[PDB]
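What follows is a set of notes on a single structure, which appears directly below.
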Amino acid sequence: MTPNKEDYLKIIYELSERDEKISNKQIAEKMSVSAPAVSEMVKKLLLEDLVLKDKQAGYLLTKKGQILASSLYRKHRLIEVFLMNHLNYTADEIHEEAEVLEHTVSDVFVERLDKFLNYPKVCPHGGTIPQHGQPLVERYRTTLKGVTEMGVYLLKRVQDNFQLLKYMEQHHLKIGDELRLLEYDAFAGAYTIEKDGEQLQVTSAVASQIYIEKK
Amino acid sequence: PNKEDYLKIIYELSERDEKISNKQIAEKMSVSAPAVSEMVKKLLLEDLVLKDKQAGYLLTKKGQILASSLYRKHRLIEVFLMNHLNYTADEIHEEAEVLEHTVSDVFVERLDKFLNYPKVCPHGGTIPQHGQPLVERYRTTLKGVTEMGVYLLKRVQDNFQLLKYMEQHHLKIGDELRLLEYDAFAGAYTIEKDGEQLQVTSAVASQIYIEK
Ligand SMILES: [Zn+2]
Ligand SMILES: [Zn+2]
Ligand SMILES: [Zn+2]
Ligand SMILES: [Zn+2]
Ligand SMILES: [Zn+2]
Ligand SMILES: [Zn+2]
Ligand SMILES: [Zn+2]
Ligand SMILES: [Zn+2]
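Chains as they are written, first to last, in the authors' numbering: chain B, 1 to 215; chain A, 3 to 214.
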């Protein structure tokens, strides 16, 4: 399974939403591909008018890239809803399968599978599923990192991230869980939360990949 | 159309008593003449097929199970597209064609369970098991049958032209067909379905499978 150039658009998409920038080598890392590989992908994306090199902000999406990225998100999430709920895929299995299929599936297939799934609006990660030709506008944008108010929160959405999956397994975190934010340990650099009468410190690194909402 | 597509063409061209040529293959799948050579030459290197002056090309045991797996993928996908995504017959091929080349064995093996182990595809084609060689339950083609009587249309070839032929003759899988006469000189058969009579060239009769 080899991710094509287009997957760079999906990573740039969320980075732009979170309003932060990393190097192409760091993007290549989380993309599980060589650095010189991403350089060739971005090279192709520039020629095909999918991204532009901004003087200051780095690499940005063109309107053509937003559309193609929004389209990939809908197909990716619609496919993993089917794989998990119908074909009985586990969370650690869905990504690689939904990845190959999002590049080899007709619009008719996609827009009929939608009807088949009764028009789901969120994937197993809690990410919004936009309608045909609609730009992806996430329902859940609030990241635990930066959160000021203490009290009870609900875990509504997490990133499509294998490592984050294993973190949530070894800590028993599920979408929909009530976790009480006690404080932000400045010294530790971790948000201290309480779940089921058990304290856990969440490093701000992890806290940035999680989305919450208050009761 | 990758090399694996050529195997499915050689496999179903082997059912015909006629020997296989390069020029007829490029016609069957309507592609460049030397392109068939460029591809068939690759098949001969990997020992997927081999030359035989009596049949032209033959599928090796590796070619058999490899194409056998292809038919499995293709057909399981056909059952899903039609019974669950409500695809019509004119829509299923290109979709199933793309997916069979981009889907894990895990996907194929789980869709199989999900569909409750379907035994035949929309064309009446048999669905083999993982790693199991393909043996069609319905092997008897209309071209060749001599006994008179009432036969049942059990299976058809995956062919776009055959689809059109069947729907403009309102022919479905399951219809009772009575053999009336066979023209040995012309290579045509004469059948009857509910009083209505129809003439069928032997070439078309080789694309259809019947049983008594
Ligand atoms: Zn992709
Ligand atoms: Zn994924
Ligand atoms: Zn998701
Ligand atoms: Zn194929
Ligand atoms: Zn087909
Ligand atoms: Zn079929
Ligand atoms: Zn299999
Ligand atoms: Zn009629």
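Heads up, the beta-carbon is just placed ideally off N, CA and C, and yes, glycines get one too.
- In the structure shown, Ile94 of chain B falls within a helical segment according to DSSP collapsed to helix, strand and coil.
- For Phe162 of chain A, no chain B residue has a Cβ inside 9 Å of its Cβ, as the nearest lies near 17 Å away.
- At a cut-off of 8 Å between C-beta atoms, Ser71 of chain A does not count as an interface residue with respect to chain B.
- Under the Cβ distance rule, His86 of chain B counts among the residues neighbouring chain A, one pair being separated by less than 8 Å.
- Residues of chain A with a Cβ closer than 7 Å to the Cβ of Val100 of chain B are, in chain order, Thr104.
- Of all alpha-carbon atoms in B:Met31, B:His86, B:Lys55, the one lying nearest the alpha-carbon of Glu96 of chain B is that of B:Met31.
- In the DSSP assignment, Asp185 of chain B forms a beta bridge with B:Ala190.
- Per DSSP, the continuous alpha helix (DSSP H) segment holding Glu14 of chain B begins and ends at 7 to 18.
- Counting only unbroken stretches of 4 or more residues, the alpha helix (DSSP H) elements lying wholly within the region 101 to 159 of chain B are 107 to 116, in sequence order.
- The residue among A:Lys115, A:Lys214, A:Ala205 with its C-alpha nearest the C-alpha of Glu17 of chain A is A:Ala205.
- Taking all protein chains in view, the Cβ of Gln134 of chain A is surrounded by fewer than 16 other Cβ atoms within 10 Å, so the residue is classified as exposed.
- Taking a beta-carbon distance threshold of 8 Å, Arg77 of chain A does not count as an interface residue toward chain B.
- The C-alpha of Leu46 of chain A is placed about 14 Å away from the C-alpha of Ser23 of chain A.
- When the alpha-carbon of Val158 of chain B is set against those of B:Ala190, B:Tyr167, B:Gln209, the nearest one is in B:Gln209.
- Taking 7 Å as the upper bound on Cβ-Cβ separation, chain A lies near residues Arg112, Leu113, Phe116 of the region 112 to 123 of chain B.
- In chain order, the residues with a C-beta atom nearer than 6 Å to some heavy atom of ligand 7 are A:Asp107, A:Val110, A:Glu111, A:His132.
- From the listed residues A:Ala188, A:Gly126, A:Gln201, the smallest Cα separation to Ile212 of chain A is found for A:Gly126.
- In the DSSP assignment, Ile212 of chain A falls within the unbroken beta strand (DSSP E) covering 210 to 213.
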